[PDB]
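These notes concern the structure reproduced below.
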Amino acid sequence: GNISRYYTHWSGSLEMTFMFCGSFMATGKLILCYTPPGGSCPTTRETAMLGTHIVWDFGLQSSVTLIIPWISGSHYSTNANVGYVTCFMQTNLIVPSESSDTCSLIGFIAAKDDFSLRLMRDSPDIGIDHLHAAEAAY
Amino acid sequence: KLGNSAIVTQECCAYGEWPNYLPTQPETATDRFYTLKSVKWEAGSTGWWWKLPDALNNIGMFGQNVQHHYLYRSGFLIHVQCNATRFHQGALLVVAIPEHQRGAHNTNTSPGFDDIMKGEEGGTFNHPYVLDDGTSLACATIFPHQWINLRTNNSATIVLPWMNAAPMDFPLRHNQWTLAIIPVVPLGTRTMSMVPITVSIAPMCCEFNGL
Amino acid sequence: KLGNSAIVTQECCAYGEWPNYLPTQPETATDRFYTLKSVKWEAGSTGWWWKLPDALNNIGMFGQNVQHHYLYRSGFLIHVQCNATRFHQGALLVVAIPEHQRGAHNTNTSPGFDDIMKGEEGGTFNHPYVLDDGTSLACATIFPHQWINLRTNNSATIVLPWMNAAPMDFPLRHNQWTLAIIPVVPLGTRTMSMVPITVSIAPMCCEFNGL
Amino acid sequence: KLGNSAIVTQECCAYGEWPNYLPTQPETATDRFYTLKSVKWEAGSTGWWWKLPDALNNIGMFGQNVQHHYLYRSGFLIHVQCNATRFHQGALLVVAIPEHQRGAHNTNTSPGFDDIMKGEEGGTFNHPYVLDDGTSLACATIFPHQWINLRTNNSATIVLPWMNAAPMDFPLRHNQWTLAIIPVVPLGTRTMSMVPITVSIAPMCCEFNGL
Amino acid sequence: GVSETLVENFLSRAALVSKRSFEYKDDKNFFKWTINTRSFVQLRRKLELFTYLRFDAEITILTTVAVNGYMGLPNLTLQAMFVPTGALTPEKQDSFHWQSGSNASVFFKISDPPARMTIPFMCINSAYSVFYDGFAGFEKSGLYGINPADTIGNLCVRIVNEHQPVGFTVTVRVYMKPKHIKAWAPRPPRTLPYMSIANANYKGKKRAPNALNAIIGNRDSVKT
């Protein structure tokens, strides 16, 4: 998402990867919902079963891979609803009495082989102020 | 692996019958794991019971194939997982009772609609030593059963074939099986622990007749 | 296994280049693991960075082949090990930054000799979220990197090829790589732990010209 | 013959394209004739227009595959039948306009949501001589069209292929075609007759992506 | 190209790098420019996505002319002379060094199409060190990140005609465009705003986005 801000139309399967970073004894389950675009963002865990979702037990696994399917990008500059990846608690966090009770997740994203960028524009990120060594290359 | 929801990994079966189709036959709609809520197993927890397929009238493409189909025909593939650490001790009996005609204690009045039909909520044994029907837990290993001994494993897997004298059944009034989880040896740790028990039901060999 | 000092056991590589010699070529003198000091990783530890081969001008037969050779040519084979128990939680990013032109915060003045050259002492990130050079840690997995997730593993291994536009370089002023260890997820236990992180650098395919 | 609802019997096509699948592909759920309401054709009736697939968001398994699928891909097979006796005289133009960007008369303001989106109700031309968009009915036989001349026949059949520049489209905002029935020669009998016109739409080669 | 994500296509858009409305009348009568990557931060952030580069820059001097607040615009002759990293630059506008038989001038008129020369891969090493983690020379006084195997060159531009050219200000635009780009070892994209053209200092904005402690604009909670 810094290369795709140099472009106008992006399209392809992203790939999310989460990684639990708690102790070795930490068990519990996380349900990871993918809401396709335009759909309803789930609030109850029970109505969260609508599209693609996976129950991820981070007592066994330590990393899950969540493929996001084809999205096709800016095929409609305008705010809208373009997907969600939602992660509820399923059970609880079961850590023993010696490990720390505040565990943590980190999440990754990579586009896959079918990702395609086209029409090149300048990035909106960079701009703002005067730089040091101004006119020192003259 | 059943459905777009990859949940748990299986291949223990029951009654020597891996399900086969003995009309609408769902294979990608219903054949998927409908994970229920995870019930908190504590020290003073008596038991839990889920009457199938009453627990699945609400949830999913099976639930739409109940409200839009008069007769159903489905086997199951169930999966109980009890995620506790290496310091928890305990033992569950994951028993799958066919035709669990429950009993009401101390009265001559039969159980009503709101004692037998719970659904996703499940329920709880009151006298688990006699399985709420006057029999015995000590003989209850004659059913399809499985042991979750938290010393050894923490998961269970039972396959539930089609258990009717009838060829097909109507779902909103009759319940074939009854998954029931009774902690024989109660849970222990010194801190004094709400260990969760997660139940995933996956239907197998679904048939539905009568739109 | 490198040198008479048998330290750690390897065969993850980087840039698709297992080092080969593309004159003095040490193979028993320098090719050995120079274990540095083990830095204490706590809860409020920001990061650590070792500029190679500035960390190895002091230590060993490589250090004698710096003071007695004007131009060097060496790849590396590095090995980070974080010896914590099964009750510690945490995650490191062992990243190996080629040409880490660091930045000074909030001023127009470039870093001096005593902010870039540390050697065996190493150093510490001040703003690790932007890698002390205005970029981002969130994109820093484009380098040769490796994850030490103390749930899963506790060790790392990166191979560092010769990374110069030049064919050979002079060591006392330029530093190619920069091994950098940033704890993304900080360390946790209830007692409130100085878990050590031991770094072993082994040179590979050493060349030295100009006595 | 499409679906469990056997309605009408066909094999006239359009654009030289019998539909083929160029993911969810309904073939028994959606591929069936969704008979709409029969509109009363009188002497002073101007016309009728049904924007497809806006007329089918409500009705049937296609309507469930609109509310539960973000992108659709479907061709059509349409069938208009005008059941009048041997004493009624009249002529319809059953025209199927791709991308019927309607116009508002006499104002600079574009049509809103409640002038374009009607659904099963359909709609009615106000100025049918210019097809409500400034063009002309006299040239409107360049579309896929069909003549119901009540002297000769009383039925029509048009096949509507997938008409988008896009590969797949989202249904709740865009409408590809527009079935439009304009009585060129108005209906006549001496009693002064509400002859009905029944429209059956059957989808063909349904695809749906994005649950 | 095969895709628009290819590196040859990603970088070789012609970008403005210099613009000197130098006033010539009857040091200040001309301009020079050290050819460096670090000029305009739209292109600089793209070249600092990579560690090592190898590009033939072409230089396309566009010269305009404008009357100050005499009705015709005079068609002057110019001289854009590429002084590399070697011999001396002309100290005056009409010194001896403009007449050098080694610096490669171009002699273009205003009324021509814009002048265009192609400066080749101008380095000593096998690539341009965009980021340099070292020190120049020998001393501890060598500044950080300044490699002498990175300066492409200088580009001294003067008006060839003699004095008394009266107050038509000459605005000179210079467009660099890389060619034959071979790029090695990519980097994280820079997210904090720049401080200098010399080094990679970081300050951040005051609040998010693009701030020091928060790069993405803060939403209200994680369940937003």
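Letters A, B, ... go to the chains of the structure tokens in the order shown; residues in each chain start at 1; ligands are counted from 1 in the same order.
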
What's the 8 Å shell around residue 73 in chain B, counting only C-alpha atoms, without same-chain residues fewer than 2 positions away, as a PDB file with C-alpha atoms, in the first residue's frame?
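What landed in selection36.pdb:
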```
ATOM      1  CA  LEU B  71     -38.044 -33.448   5.407  1.00  0.00           C
ATOM      2  CA  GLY B  75     -25.497 -37.608   9.186  1.00  0.00           C
ATOM      3  CA  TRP B 162     -28.521 -41.308  10.256  1.00  0.00           C
ATOM      4  CA  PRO B 167     -36.129 -43.068   6.130  1.00  0.00           C
ATOM      5  CA  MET B 168     -36.474 -39.279   6.439  1.00  0.00           C
ATOM      6  CA  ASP B 169     -37.677 -37.135   9.306  1.00  0.00           C
ATOM      7  CA  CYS B 205     -24.617 -36.633   3.528  1.00  0.00           C
ATOM      8  CA  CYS B 206     -27.350 -34.038   3.685  1.00  0.00           C
ATOM      9  CA  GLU B 207     -30.592 -34.724   1.886  1.00  0.00           C
ATOM     10  CA  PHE B 208     -33.655 -32.494   1.865  1.00  0.00           C
TER      11      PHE B 208
END
```

Can you pull out the residues contacting residue 70 in chain C? Cut-off 7 Å, using only C-alpha atoms, and skip same-chain residues under 2 positions away; I want them as a PDB file with N, CA, C and O atoms, in the first residue's frame.
```pdb
ATOM      1  N   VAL C  66      41.927  -6.606   9.530  1.00  0.00           N
ATOM      2  CA  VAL C  66      41.511  -5.252   9.214  1.00  0.00           C
ATOM      3  C   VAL C  66      42.667  -4.283   9.390  1.00  0.00           C
ATOM      4  O   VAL C  66      42.952  -3.471   8.507  1.00  0.00           O
ATOM      5  N   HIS C  68      45.787  -4.980   9.344  1.00  0.00           N
ATOM      6  CA  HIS C  68      46.896  -5.311   8.461  1.00  0.00           C
ATOM      7  C   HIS C  68      46.463  -5.503   7.013  1.00  0.00           C
ATOM      8  O   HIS C  68      47.226  -6.060   6.228  1.00  0.00           O
ATOM      9  N   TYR C  72      39.134  -5.018   2.125  1.00  0.00           N
ATOM     10  CA  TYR C  72      38.557  -6.296   2.513  1.00  0.00           C
ATOM     11  C   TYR C  72      37.441  -6.672   1.554  1.00  0.00           C
ATOM     12  O   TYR C  72      36.909  -5.834   0.825  1.00  0.00           O
ATOM     13  N   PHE C 170      37.136  -0.307   1.730  1.00  0.00           N
ATOM     14  CA  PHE C 170      38.011  -0.154   2.888  1.00  0.00           C
ATOM     15  C   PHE C 170      37.188  -0.066   4.173  1.00  0.00           C
ATOM     16  O   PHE C 170      36.205   0.680   4.223  1.00  0.00           O
ATOM     17  N   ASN C 209      43.129  -7.522   0.454  1.00  0.00           N
ATOM     18  CA  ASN C 209      44.184  -7.082  -0.448  1.00  0.00           C
ATOM     19  C   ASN C 209      44.789  -5.796   0.088  1.00  0.00           C
ATOM     20  O   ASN C 209      44.073  -4.948   0.626  1.00  0.00           O
ATOM     21  N   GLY C 210      46.102  -5.652  -0.058  1.00  0.00           N
ATOM     22  CA  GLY C 210      46.797  -4.468   0.412  1.00  0.00           C
ATOM     23  C   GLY C 210      47.254  -4.597   1.852  1.00  0.00           C
ATOM     24  O   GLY C 210      46.547  -4.195   2.777  1.00  0.00           O
ATOM     25  N   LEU C 211      48.443  -5.162   2.042  1.00  0.00           N
ATOM     26  CA  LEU C 211      48.998  -5.345   3.378  1.00  0.00           C
ATOM     27  C   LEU C 211      49.266  -4.003   4.052  1.00  0.00           C
ATOM     28  O   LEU C 211      49.603  -3.019   3.394  1.00  0.00           O
TER      29      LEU C 211
END
```

Inset, instruction - Pull out every residue of chain A sitting within 12 Å of chain D, counting only C-alpha atoms, and send them as a list in words. - result: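 Matching residues, ligands excluded from the count: residues 34, 35, 36, 37, 38, 39, 40, 49, 50, 51, 52, 53, 68, 69, 70, 71, 72, 75, 76, 81, 82 and 83 of chain A.
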
For N, CA and C atoms, I'd like the residues from the last selection saved as a short mmCIF file (atom, residue, chain, number, x, y, z; two decimals), in the first residue's frame.
```cif
data_model
loop_
_atom_site.label_atom_id
_atom_site.label_comp_id
_atom_site.auth_asym_id
_atom_site.auth_seq_id
_atom_site.Cartn_x
_atom_site.Cartn_y
_atom_site.Cartn_z
N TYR A 34 -13.97 -12.76 6.97
CA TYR A 34 -13.81 -11.88 5.82
C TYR A 34 -15.18 -11.44 5.34
N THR A 35 -15.46 -10.15 5.45
CA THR A 35 -16.71 -9.58 4.97
C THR A 35 -16.50 -9.07 3.55
N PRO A 36 -17.18 -9.63 2.55
CA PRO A 36 -17.00 -9.13 1.19
C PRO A 36 -17.62 -7.75 1.05
N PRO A 37 -17.17 -6.95 0.07
CA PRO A 37 -17.49 -5.51 0.07
C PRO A 37 -18.97 -5.25 -0.14
N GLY A 38 -19.47 -4.20 0.51
CA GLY A 38 -20.87 -3.89 0.54
C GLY A 38 -21.66 -4.62 1.60
N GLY A 39 -21.12 -5.71 2.14
CA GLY A 39 -21.82 -6.47 3.15
C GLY A 39 -21.87 -5.76 4.49
N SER A 40 -22.41 -6.48 5.47
CA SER A 40 -22.60 -5.94 6.80
C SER A 40 -21.42 -6.32 7.69
N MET A 49 -21.04 -15.48 10.80
CA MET A 49 -21.01 -16.58 9.84
C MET A 49 -21.93 -16.22 8.68
N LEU A 50 -21.34 -15.60 7.66
CA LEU A 50 -22.05 -15.22 6.44
C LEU A 50 -21.24 -15.51 5.18
N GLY A 51 -19.99 -15.05 5.14
CA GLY A 51 -19.11 -15.32 4.02
C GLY A 51 -17.99 -16.28 4.38
N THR A 52 -16.77 -15.90 4.03
CA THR A 52 -15.61 -16.71 4.36
C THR A 52 -15.12 -16.36 5.77
N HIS A 53 -14.96 -17.37 6.61
CA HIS A 53 -14.37 -17.16 7.92
C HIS A 53 -13.74 -18.45 8.41
N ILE A 68 -7.37 -13.23 0.96
CA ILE A 68 -8.46 -12.37 0.52
C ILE A 68 -8.60 -12.57 -0.99
N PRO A 69 -9.81 -12.75 -1.51
CA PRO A 69 -9.95 -13.03 -2.94
C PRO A 69 -9.80 -11.79 -3.81
N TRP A 70 -10.13 -11.93 -5.10
CA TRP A 70 -10.06 -10.83 -6.06
C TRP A 70 -10.94 -9.67 -5.63
N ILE A 71 -10.44 -8.44 -5.82
CA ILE A 71 -11.15 -7.28 -5.30
C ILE A 71 -11.47 -6.30 -6.43
N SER A 72 -10.59 -6.22 -7.43
CA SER A 72 -10.67 -5.40 -8.65
C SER A 72 -10.55 -3.90 -8.41
N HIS A 75 -12.97 0.17 -9.52
CA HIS A 75 -13.89 -0.12 -10.62
C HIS A 75 -15.30 0.19 -10.13
N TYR A 76 -15.71 1.46 -10.22
CA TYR A 76 -17.03 1.87 -9.76
C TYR A 76 -17.58 2.97 -10.66
N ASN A 81 -17.49 1.05 0.51
CA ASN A 81 -17.30 -0.12 1.37
C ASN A 81 -16.51 -1.15 0.57
N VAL A 82 -15.25 -1.33 0.91
CA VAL A 82 -14.37 -2.25 0.18
C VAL A 82 -13.82 -3.22 1.22
N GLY A 83 -14.58 -4.27 1.51
CA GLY A 83 -14.11 -5.38 2.33
C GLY A 83 -13.87 -5.10 3.80
#
```

Inset, instruction - Fewer than 2 positions away in the same chain doesn't count, so skip those; otherwise give me all residues within 7 Å of range 77-92 of chain C, counting only C-alpha atoms, as a PyMOL selection string. - result: (chain A and resi 21-24+98-99) or (chain C and resi 94+147-151+154-160+181-189+195-204)

Inset, instruction - Identify, on the basis of only C-alpha atoms, every residue whose closest approach to range 14-17 of chain A does not exceed 7 Å; exclude the query and any residue fewer than 5 positions from it along the same chain; express the result as a ChimeraX atom specification. - result: /A:63-69,107-112

Could you please take those selected residues and save C-alpha atoms as a PDB file, in the first residue's frame?
```pdb
ATOM      1  CA  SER A  63       0.290 -18.285  12.478  1.00  0.00           C
ATOM      2  CA  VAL A  64      -2.696 -18.416  10.149  1.00  0.00           C
ATOM      3  CA  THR A  65      -2.882 -17.473   6.479  1.00  0.00           C
ATOM      4  CA  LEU A  66      -6.037 -15.742   5.285  1.00  0.00           C
ATOM      5  CA  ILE A  67      -6.336 -15.337   1.521  1.00  0.00           C
ATOM      6  CA  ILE A  68      -8.458 -12.366   0.515  1.00  0.00           C
ATOM      7  CA  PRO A  69      -9.949 -13.028  -2.943  1.00  0.00           C
ATOM      8  CA  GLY A 107      -0.663  -9.085  11.144  1.00  0.00           C
ATOM      9  CA  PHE A 108       0.966  -9.158   7.731  1.00  0.00           C
ATOM     10  CA  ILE A 109      -0.228  -8.538   4.200  1.00  0.00           C
ATOM     11  CA  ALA A 110       1.218  -9.497   0.844  1.00  0.00           C
ATOM     12  CA  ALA A 111      -0.266  -9.396  -2.575  1.00  0.00           C
ATOM     13  CA  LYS A 112      -0.234 -12.660  -4.470  1.00  0.00           C
TER      14      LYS A 112
END
```

Inset, instruction - Extract, using only C-alpha atoms, all DNA, RNA and protein residues at most 9 Å from range 124-138 of chain E, discarding same-chain residues fewer than 3 positions from it, and format them as a ChimeraX atom specification. - result: /C:98-102,113,116,164-167,172-177 /E:37,47-48,50-55,121,141-151,182-184,199

Legend entry - Computed interatomic separation between CA of residue 90 in chain E and CA of residue 67 in chain E (Å):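 Rounded to one decimal, the two atoms are 27.9 Å apart.
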
Inset, instruction - Could you please determine the separation between CA of residue 146 in chain D and CA of residue 114 in chain D in Å, to one decimal place? - result: 28.5 Å

Inset, instruction - Using DSSP on the backbone coordinates, identify all residues within range 17-77 of chain D classified as strand (DSSP E); present the result as a list in words. - result: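 Matching residues, listed in order: residues 34, 35, 39, 40, 41, 48, 49, 50, 71, 72, 73, 74, 75, 76 and 77 of chain D.
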